[PDB]
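This report refers to the structure that appears directly beneath it.
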Amino acid sequence: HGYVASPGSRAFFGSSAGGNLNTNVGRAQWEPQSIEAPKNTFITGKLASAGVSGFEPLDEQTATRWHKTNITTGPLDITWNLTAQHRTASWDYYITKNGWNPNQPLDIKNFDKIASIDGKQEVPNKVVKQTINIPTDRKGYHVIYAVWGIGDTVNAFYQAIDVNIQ
Ligand SMILES: [Cu+2]
């Protein structure tokens, strides 16, 4: 169990620690760490919730629904907080393509992978800090999809992150 705290994930922003910057986020208000589904679950319109019961409100998609963190292109620091550390296989990061439609359901086919970090089947610390590169053809509202792949289960934790790139 874990979430991306910086830039705050869509689920994390639904919690008090995230400032309640997103409203009406279901289970994300209290447990943004709990978005767990089998690896390689990428159902269109169910990326933000990973199809998980009680997280459905996260799947709404419009240009103005969610709070964005202002960021630049180039290096971006990602910080996870893990409420329950687990042995780890992988960390994968995707971002929406230039030209994507922020008023349509999220579809993984409209993202590129932009980073992949091997977990080496070790148990990470409670705070995990990684640096990924945001490609320079992205401007404006984009969604980063951060995926923490568990080493000793068939599951992963899924974190959609709303950013405004300038
Ligand atoms: Cu867990």
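Taking the mean number of other Cβ atoms within 10 Å as a proxy for protection, how do you rank 116-122, 80-86 from highest to lowest?
Values: 116-122: 12.9, 80-86: 16.1.
In decreasing order of mean packing, 116-122, 80-86 become 80-86, 116-122.
What are the ³J(HN,Hα) couplings of the stretch 56-68, residue after residue, when phi is run through the Karplus curve with 6.51, -1.76, 1.60 and θ = phi - 60°? Round to Hz, x for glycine and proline.
After applying 6.51 cos²θ - 1.76 cosθ + 1.60, I find 3, x, 5, 7, 4, 9, 9, 5, 10, 5, 10, 6, 10 Hz.
Using the alpha-carbon centroid of each, what span in Å lies between the stretch 31-58 and the stretch 64-143?
The stretch 31-58 and the stretch 64-143 have Cα centres separated by 15 Å.
Once amide H atoms are built 1.01 Å from N in the peptide plane, which residues 5 or more positions from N22, or in another chain, come under 5 Å H to H?
Distant-sequence amide H within range of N22: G14.
Under 26 Å from the Cα of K120, which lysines turn up, not counting those fewer than eight places away in the same chain?
Of all the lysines, those that pass the test against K120 - Cα under 26 Å, at least 8 places apart if same chain - are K39, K129.
Magnitude of the Cβ-charge dipole of the chain, K/R +1 and D/E -1, about the Cα centre, nearest 20 debye?
Details: 15 positive and 14 negative charges, 39 e Å.
My answer is approximately 180 debye.
Under 8 Å for C-alpha pairs, at least 6 residues apart: give me the relative contact order for the chain, rounded to a whole percent.
On the way: 426 pairs, mean separation 50.1, N = 166.
Computed over the chain, the figure is 30 percent.
Each residue of the stretch 95-106 in turn: what ³J(HN,Hα) in whole Hz from Karplus with 6.51, -1.76, 1.60 and θ = phi - 60°, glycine and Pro shown as x?
Values, residue by residue: 9, 3, 6, 3, x, 4, 10, x, 9, 10, x, 4 Hz.
Which ³J(HN,Hα) values in Hz, rounded to whole numbers, follow from the phi angles of the stretch 44-54 under the Karplus curve 6.51 cos²θ - 1.76 cosθ + 1.60, where θ = phi - 60° and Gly and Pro get x?
The phi angles translate into 4, x, 10, 5, 4, 8, 6, x, 7, 3, x Hz.
To the nearest µm²/s, what D does Stokes-Einstein give for the stretch 115-166 at 20 °C and 1.002 mPa s, using the Kirkwood radius over alpha carbon pairs as Rh?
Values: Rh = 13.1 Å.
Translational D for this selection: 163 µm²/s.
Note the direction-averaged projected area, equal to a quarter of the hull surface, for the Cα convex hull of the chain, in nm². Display every interim value, and only then the final one.
Details: hull surface 32.6 nm².
Mean projected area of the Cα convex hull: 8.2 nm².
The numbers here are math on the coordinates, done by the rules we state, and not lab data. Every residue, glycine among them, receives a Cβ derived from its backbone with ideal geometry; neighbour counts consider all protein chains shown.
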